[PDB]
Amino acid sequence: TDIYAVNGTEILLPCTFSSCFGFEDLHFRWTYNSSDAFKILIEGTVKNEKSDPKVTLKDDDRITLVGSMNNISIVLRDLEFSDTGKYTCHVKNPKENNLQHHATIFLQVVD
Amino acid sequence: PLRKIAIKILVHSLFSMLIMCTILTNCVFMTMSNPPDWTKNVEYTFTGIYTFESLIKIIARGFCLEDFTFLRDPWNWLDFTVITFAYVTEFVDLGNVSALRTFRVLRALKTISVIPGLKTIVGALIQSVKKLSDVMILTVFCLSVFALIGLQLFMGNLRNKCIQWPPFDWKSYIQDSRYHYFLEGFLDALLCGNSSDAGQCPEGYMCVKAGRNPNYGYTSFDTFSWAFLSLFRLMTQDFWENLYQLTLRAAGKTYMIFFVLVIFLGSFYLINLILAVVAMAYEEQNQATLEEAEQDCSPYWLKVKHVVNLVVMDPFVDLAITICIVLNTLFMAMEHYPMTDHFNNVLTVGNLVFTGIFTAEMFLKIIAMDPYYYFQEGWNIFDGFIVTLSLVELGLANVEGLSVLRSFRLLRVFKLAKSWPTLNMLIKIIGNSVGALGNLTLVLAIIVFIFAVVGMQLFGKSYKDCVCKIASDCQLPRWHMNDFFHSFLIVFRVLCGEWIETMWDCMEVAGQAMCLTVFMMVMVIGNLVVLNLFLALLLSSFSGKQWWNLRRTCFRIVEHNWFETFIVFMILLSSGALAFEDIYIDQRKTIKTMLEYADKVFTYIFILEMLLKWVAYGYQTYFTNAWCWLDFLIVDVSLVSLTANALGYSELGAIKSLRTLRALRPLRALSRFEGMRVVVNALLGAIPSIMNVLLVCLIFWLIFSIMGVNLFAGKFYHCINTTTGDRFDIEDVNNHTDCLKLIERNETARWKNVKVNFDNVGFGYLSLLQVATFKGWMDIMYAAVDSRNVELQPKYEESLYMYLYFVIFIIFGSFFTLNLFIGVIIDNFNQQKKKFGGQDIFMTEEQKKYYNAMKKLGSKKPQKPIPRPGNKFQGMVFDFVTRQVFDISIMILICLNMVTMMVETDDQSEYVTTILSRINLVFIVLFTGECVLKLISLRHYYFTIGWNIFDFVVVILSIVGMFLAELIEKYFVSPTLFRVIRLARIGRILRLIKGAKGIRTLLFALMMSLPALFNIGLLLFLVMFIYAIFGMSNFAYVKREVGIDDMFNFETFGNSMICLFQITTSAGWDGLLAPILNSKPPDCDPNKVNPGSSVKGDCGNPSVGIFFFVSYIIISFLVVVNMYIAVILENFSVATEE
Ligand SMILES: COCC(CCO[C@H]1CC[C@@]2(C)C(=CC[C@H]3[C@@H]4C[C@@H]5O[C@]6(CC[C@@H](C)CO6)[C@@H](C)[C@@H]5[C@@]4(C)CC[C@@H]32)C1)COC
Ligand SMILES: *[C@@H]1O[C@H](CO)[C@@H](O)[C@H](O)[C@H]1NC(C)=O
Ligand SMILES: *[C@@H]1O[C@H](CO)[C@@H](O)[C@H](O)[C@H]1NC(C)=O
Ligand SMILES: *[C@@H]1O[C@H](CO)[C@@H](O)[C@H](O)[C@H]1NC(C)=O
Ligand SMILES: *[C@@H]1O[C@H](CO)[C@@H](O)[C@H](O)[C@H]1NC(C)=O
C-alpha cells in the first residue's frame, strides 16, 4: 500500500512471512525502485524457522532489521525526499522452488 | 400510496422471478476462485438488491410502526442473517486476514426459498431422517464395541516397523525414518512383525515398534478415537483393503478372523438396516401422500404425396429400418485403434450409406403426414434431430477435439424402444429423472453446488498455501479444492464412496476438526439425498429271473443310508486333497505320493458309484436329471485324463491343461446338501429375467464403449524411462517419432500402453466395469484426462474436462441401470414368492421348522416369575434390590465401566495403568456383589430368563480373567495370549442390550436372518474354494507387481483364500488383475527356473485371468445381492408384523 513519512524521521517497512511447516535456507531481498533508479537495499538468509536472519548485503547504513515473528521488516532512518519510491520485499525458498513477492509499498516522504 | 404500493409488488410473480434470477446469477458469480475488481461492485449491486427485497418485506409486514417486522418464517431468519452479515462486514474491519468469507455462500441457500416446490422436499427429507434414531444408536454401539476390541488386540501394532542396524543409545535410533525400510517409493514405512504368519523382513532388519503411524499418522488402533475412525472406514468399505493388509502384515494372518467378523457384521448388517429403515420411511411416506390425495404448389404436392403415402405403412419397411439400425450399431462397433485403410474405407462407406438411406427414408416419409402435421409423435422429432445433426456434421470436417459429433449418430439405437419394451422402461426412468422427480434432483444439484463451494471457500487457500505437506514436487495433487471444478469432483467422489484418501489430504493441510466436520456432513447429507432419489425413482416406476433280481439289490444299495453318506464323505475327502497342492508339494515326498494314490482311488470309486447308479436307475431315469448329468460330466473329464495318462499321451498341449479340470470336483457336494441346492434352484429360477435385463444393460454399455473408443483408444500410450517409472514430459518428448528417436539412440524410454483401455469394444467393456464398480477408475481417468491426441505424448491434465464423460457414465450406466435392475428384481421376486404360495426361500425343509419355533419365541413375555424369599432379612433385601432404581443404577454403572474402558491407550505410564487396573478391579468387585446379592433375593432359581444367565457367565469370565493375570507372571507366558484373554471383560459391555428395548428387536431380526444366510454362506464358501484351487493352479507363479506380494498371493491355500475373501466385496481386484494381464517381455520373463517346481514362466495368460476375475465378480455380485435380499425381506416382515 502507501505510506507517508516526514523528512528526517524514520519509518518501519513491514514484511512478515509464515510457513505452514517451516523452512530451510530461506533467502530474502528488499529492493527500491524509482523512475530512474533500482537498488538492492538489504539481503540475507534464514537457516530455519528457529533461526534469526543473517544479513549478507546492506547497501545503506540507515537501514536496520527490526528483529523477531517470521519477520524481516526494516527500519529506514534519517529520511530524505529522495527516499520516496517503491519498496518491495522478496522471499525465496529454493527447496520449495518458491518465490513470493510481497505487495510493493509506496513510501512518500513529505515536508 | 405508502403501504399500498409495497404490498402489491410483493405478491406478484414478476418480483419473485427477479429475485430468482438474481439468486442464480450470484450463484454463478460465487463460483469463481479470485473474483476480479468489477465483480466487487457486482457484489455491491447484489447486496443492494437483497436490501431492497428485505426492505419491501419489512415495509409489507411492519408498515406504519407495528411493533415488529417479518419474523416467523425460518427462511426469513436466513435472509436476515445473510443481509446482517453483509452490512456488518461492509463496516471497515472484521478481522482483516479474513475467515468469514465462507458465510457468504448462505445467499446461495436462498434458492430453496423461492424455487416453487422445494420447501416440501426438504421438509420431507427431514421426516425420513427422523426414523433413523434407533439404527444410529445401534451402529454407534457396535462401532464402539468393535473399536474397543480392535484397540485391545492391535494396541500399537500398526506402528510396527522394520529397523536396520547402525554402522547408552536408544529412543533416538528408532525414529528419523532413515533406518527404516521403504519398499521402492511407497512413503509409508513397510510394516513387519515378530510372529510367524506375519510380515517378514529382509536381511538385517529387525522388528521394533517405533514411529508415527500408517498414512500420515491418522491410522492406528490406539487412542480409542482413532479406532473409531478406522472401524468407521471399515463400515463403509472405503479403501478397507489397505487396513486389512496393513493389519495382517503386522499382527499376523490369523487375525483375518476379526476382519471377516467386522466386515460381515458392520459393513453388511448396519448398511442393510440403514437402507431398510430409510426405505420403510419412504414407502409409508408415499402411501400417506396417496391416501391424502384419495379423499399449383399445394394441389400437385398432395397429388405427389398420394402415392408415396400409400407405400410406407403396409410392408416390412420400418422393420428394415430396425435391421438397418442394428447393422449400423455393429458397423460403428467394429471400430478400434490400429485399422488398415482397407478397413477404414469399409467403415466410412458403410457410415455414409447408412446416413444416406436414413435421411432418404426421412425425406420420403416426411411427406405422408404433412410437416407440422408430422412433428407430433415425439419419436419423429427425435428421428429428425438425429438425421439433421448427421447431415450437418457430415460436411464440416473441422472440429478439432470436438469430433464428438461422430457419436451423435449413436443415439438412433434408441429407436428400438418402439418394439423393445425394457429399453422403453429404461427411457421412462431416465426421463422421469427430470420429470416428476425434477425438483428432487434439483435439490440434489443445489446441495452438490453448496458443498463444492463451501469446501472451496473453507479449504481452498490452504491447498495452495501448504502444498509441500501433501506432495513430492510441491504441486497440487490430482484431487483438491483450489477451484470449483476439482472441488465438485471431490464431492462427487465422496458421493461415490471414496471419502477417506482425500480426507487425509484435507486434514493434513487444514486442521483435523474442520475437515472431519465438513467431510462427515458431506458424506451423510449427500448420501442421504442420493439414497432418497434412488428410492424415489424406484418406488414410483413399478408402483429276467436274475436280471430283475440284481436291479433290486443294487437299488437297495444306492438308496441305503450308509451309501450316500459314504459317498459324500469321499467327495469331501477328495475335495480336501486338492488344497495340499501348494508350491511346497514337490518338497514333501511323503504326502505327494499318497495324494497321487488317492487321486486314482477316488477316480475308481467315483466310477464305481456312477456304474451302480446306471445299473440301478436305467439310462432314462438317469439322463433326465440335471444333477446326475453334472456328476457324469466330471467323471467323464476324469476318465479322459486317466486314459491319457494310461495309454501314453502323458504330457501334451491339452492333457497338461486337463489336470486343472480337477478343480471342478468340489461341485459334487451341491446335490448332497440341501443348503446349496436350494440356493442354486433359487438362482436358476430367476436367471432368465436377469438375462433379459442384461441385454439392455449390455447395449447401453455398448453405447458408452463406442463413445470411449471414439474419444480414446489411441491416446493412452506413453513413454516412460524404465529406471523409475516416470512420465516423459512434453518438453523432452512430444510424440511417437521423438520416442523412437530416443530408443534408436540407445536410451531407456518405454512406449507403453495402459493395458486397461478403450482400444477395442472388448477392452471398453472391461474399463467400464472397473469404472462402474469404483475399483480401478483412478488410473483409467488419469490416462483419459491427459489424453492429448492419438500417437501424441499425453500431457498432465490437458484434456481436463473429459472427467465429465466418466461422470455422465457413472450417472447413466451405473445409477439408472442399477435402478432398473433392482426394479425388475423386485418384480420377478414378487411373482416368484406369489407362485410358491408359501414363503421364505433360501431355507431347507428342516430349517423352516426351526424358524417357525423362533417366531413364537420372539412374541411373548414373562409374568410374575418371583414368588418371594419367604420371611427373613432376605425379604427386605429382595424389597431393596428388585426395584427399578437398582436396575437403572447397574446400567449407569456399566456405562461408567465402558467409559473407564475407553481410556486405555498404547504407551501409557505405569501410574495410569495401575489406577486403571485398580478401578477395573473395583468394578469387577461391584458387579460380583451385584450378582451374589441377587442370588440371595431370588434364591430358588435365579435362572429363568437368559439375561441373568448371561450376567452369570460374564461375571465368571471376568473372575477367571483376573484370577490368571497373576498366572502370566509365574507360569506359562504369552503376551499375545494375554491380549486375547483380557478381552473377556468386554462381555460386561454387552449387558447394555438388556434395557434398550428396540435394539434387541434388530438383533432378533439378525437371529432370524442367520439360518437363511448360512446356506448362502456355504455356497459362497464353495465357490471361493473352487476359485481358490483355480488360482492356485494357474496364478500361483505370476510376477509380484502392485497387487500381488509376499503376503497376499496365490501360492498356497491360505493366501489364496485371504485374497479371494478380499475380492468377494469386489475390493482391490484391479490390482490383482494388474500382474496377470502381463503377457510377454519386456514385462515378464517367460523362461524362469523359479525354484520348487518344474513349471516355468513368471506370469499368467490374460484371457484366463480376465475370465476368472470377471466371472467371480459377477457370481459374487449375484450371491451377495441375494444375501442383501434375504436380510431385507426379513427386515420388512418384522416391522410390518409389529
Ligand atoms: C413393492 O413391494 C415389494 C415390497 C418390498 C419392496 O421394497 C424395496 C425397497 C428397496 C430395497 C430396500 C428393497 C429390496 C432390495 C434393496 C437393495 C439390495 C441392493 O443391495 C445393494 C448393496 C450391494 C450392492 C452390490 C448393490 O446392491 C443396494 C444398492 C441395493 C438395495 C439396498 C437398494 C434398496 C432395495 C425393498 C415387499 O413387501 C413385503
Ligand atoms: C520383537 O522381538 C524383538 C527381539 O526378538 C524384541 O526386541 C522386540 O521388542 C519385539 N517386538 C514386538 C512388537 O514384539
Ligand atoms: C529416467 O529417470 C532416471 C532417474 O529417475 C534418469 O536418470 C533418467 O535420465 C531418466 N530417463 C531419461 C531418458 O532421461
Ligand atoms: C512430433 O513432434 C515434432 C516436434 O517438432 C515434429 O517435428 C514431428 O513432425 C511430430 N511428429 C508427429 C508424427 O506428430
Ligand atoms: C545400440 O544398440 C545396438 C543393439 O543393441 C548396438 O548394435 C549399437 O552398437 C548400440 N549403439 C549405437 C550407438 O547404436
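Residues numbered from 1 in each chain as written, not as in the entry; some residues may be left out. Chains lettered and ligands numbered in written order. Heavy atoms only, no water. Residues with missing side-chain atoms left out of burial classes, pairs and counts.

> For this particular structure, what's the right way to read unusual backbone geometry?
Apart from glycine, the bulk of residues carry a negative phi angle, and the bulk of peptide bonds sit in the trans form. Residue and element names in this part refer to chain B. Along the chain, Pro 1081 connects to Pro 1082 via a cis peptide bond; the corresponding omega equals 0°. By the element assignment, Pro 1082 lies in the loop between α41 (1069–1076) and α42 (1102–1135). Phi angles above zero are rare outside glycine, and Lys 864 is one such case at about 50°. Within the secondary structure, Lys 864 sits in the loop between α32 (847–857) and α33 (873–881). Classification of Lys 864 as exposed rests on a relative accessible area of 69%. (Helix = DSSP H or I, 4+ residues; strand = E, 2+ residues; numbered from the N terminus. Buried < 20%, exposed > 50% of the residue type's maximum accessible area, 1.4 Å probe, protein only.)

> Explain empty space enclosed by the protein to me, please; I cannot follow it from the model alone.
One simple way to see leftover space: roll a probe sized like a water molecule over the atoms. Residue and element names in this part refer to chain B. Size it by volume and the largest cavity reaches roughly 70 Å³. Taken together, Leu 148, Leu 151, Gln 152, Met 901, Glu 904, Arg 982, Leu 983, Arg 985 and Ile 986 make up the lining of the largest cavity. Counting residues per element, the lining of the largest cavity draws most heavily on helix α7 (residues 133–153), at three residues. Per-class residue counts for the lining of the largest cavity are five nonpolar, one polar and three charged. (1 Å grid on protein atoms, 1.4 Å probe; cavity = no way out; pocket = protein on both sides within 12 Å on 5 of 7 lines; lining within 4 Å. Points joined across faces, edges and corners; volume = space filled by probe spheres on them. Nonpolar A, V, L, I, M, F, W, Y, C, P; charged D, E, K, R; others polar.)

> Which parts of the structure should I look at to understand the state of the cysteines?
When the sulfur atoms of two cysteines share a covalent bond, that bond is a disulfide. Scanning all chains against the criterion turns up eight disulfides over all chains. Disulfide pairing places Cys15(A) opposite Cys89(A) at an S-S distance of 2.1 Å. Around the S-S axis, the bridge from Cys15(A) to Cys89(A) shows a dihedral of about -80° and counts as left-handed. Among the residues examined, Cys15(A) registers a relative accessible area of 1% and is labelled buried. On the basis of relative accessibility, which here comes to 2%, the residue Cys89(A) falls in the buried class. Free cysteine: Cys21(B), not disulfide-bonded; nearest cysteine sulfur from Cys27(B) at 12 Å. Not part of a disulfide, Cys496(B) finds its nearest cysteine sulfur in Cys697(B), a span of 18 Å. (Disulfide = S-S within 2.5 Å.)

> Sorry, what's going on with the side chain of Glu241(B) here?
Residue and element names in this part refer to chain B. Mapped onto the elements of the fold, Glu 241 is located in helix α9 (residues 240–251). Buried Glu 241, no salt bridge; nearest opposite-charge side chain is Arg 233, N-O distance 7.0 Å. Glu 241 has contacts with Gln 1062, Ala 1067 and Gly 1068, leaving out every residue within four places of it along the chain. (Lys, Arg positive; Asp, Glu negative; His and termini not counted. Salt bridge = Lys/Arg side-chain N within 4 Å of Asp/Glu carboxyl O. Contact = heavy atoms within 4.5 Å.)

> Help me understand the environment of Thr603(B), please; the structure alone is not making it clear to me.
Residue and element names in this part refer to chain B. Structurally, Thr 603 can be placed in helix α23 (residues 592–623). Taking the C-alpha atoms as reference points, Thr 603 and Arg 588, separated by 15 residues in sequence, lie 23 Å from one another. Within polar-contact distance, the side chain of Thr 603 engages the backbone oxygen of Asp 599 at 2.8 Å. (Polar contact = N/O pair within 3.5 Å; in protein donor to acceptor, adjacent residues only side chain to side chain.)

> Got a minute to help me understand the site of ligand 1 in this structure?
All names here are of chain B. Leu 275, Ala 279, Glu 283, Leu 535, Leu 538, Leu 539, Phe 542, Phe 1117, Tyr 1124, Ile 1125, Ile 1128 and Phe 1132 make up every residue found near ligand 1. Out of a free accessible area of 800 Å², ligand 1 has 71% covered by protein chains. Mapped by element, the contributors of at least two residues to the shell around ligand 1 are α10 (256–294), α20 (512–541) and α42. In terms of residue count, α42 provides more of the shell around ligand 1 than any other element does, five residues in total. (Near = heavy atom within 4 Å. Areas by Shrake-Rupley, 256 points an atom, 1.4 Å probe, with all protein chains shown as cover.)

> Quick question: what am I supposed to make of a negative patch on the surface here?
A contiguous patch of negative charge, built from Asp726(B), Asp729(B), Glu731(B) and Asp732(B), is present on the exposed surface. Mapped onto the elements, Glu731(B) comes out in the loop between β3 (718–721) and α28 (736–744). (Patch = residues over 30% accessible without salt bridge, like charges linked within 9 Å, V, L, I, M, F, W, Y side chains within 5 Å. Charge placed at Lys NZ, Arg CZ, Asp CG, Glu CD.)

> For this particular structure, what's the right way to read the site of ligand 4?
Residues and elements named next belong to chain B. Around ligand 4 lies a shell formed by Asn 734, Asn 735, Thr 737, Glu 791 and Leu 792. Contacts to ligand 4 include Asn 734, whose side-chain N or O atom sits 2.5 Å from an oxygen atom. One nitrogen or oxygen atom from the side chain of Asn 735 is found 2.4 Å from an oxygen atom belonging to ligand 4. Calculation on ligand 4 without its partners gives an accessible area of 360 Å², and the protein chains cover 37% of this total. Of the residues belonging to the shell around ligand 4, the class tally is one nonpolar, three polar and one charged.

On their own, these measurements won't tell you what the molecule is for.
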